[PDB]
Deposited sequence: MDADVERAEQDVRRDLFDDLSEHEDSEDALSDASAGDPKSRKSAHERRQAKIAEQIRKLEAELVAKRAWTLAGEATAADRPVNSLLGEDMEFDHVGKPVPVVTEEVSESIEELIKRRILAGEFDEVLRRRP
């Protein structure tokens, strides 16, 4: 009677621990092995700012820089 209640409590504890562990994995990987388990973050208390025209303009300058310097990040073909 009192020990089936304990089963449900332990179920809640296990579920809360699983959430906590997935959040700690996210936090740790975002600091600079660390990429082997599920990770999540709840950004709840943060809005996302609008992107100013200044920022989009500097992105354009970044792109021109990369093109003229030949600095590209896609995967390159290889032989198996």
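Novice: What ranges of the deposited sequence, counted from 1, have no C-alpha atoms in this structure?
Specialist: No C-alpha for residues 1-43, 76-83.
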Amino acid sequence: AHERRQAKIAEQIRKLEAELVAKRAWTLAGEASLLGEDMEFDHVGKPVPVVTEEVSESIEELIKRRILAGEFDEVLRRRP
From here on, numbers count along this sequence of modelled residues.
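Novice: Going by the B-factors listed in the PDB entry, is the mean over the C-alpha atoms higher for 18-26 or for 52-60?
Specialist: The deposited B-factors put 52-60 ahead on the C-alpha mean.
Novice: Averaging the C-alpha B factors as listed in the entry, name the stretch that ends up higher: 2-10 or 70-78.
Specialist: Mean C-alpha B-factor is greater for 2-10.
Novice: By the record's CA B-factor, is residue 39 among the lowest, middle or highest third of residues in the chain?
Specialist: Ranked within chain, residue 39 CA B lands in the lowest tercile.
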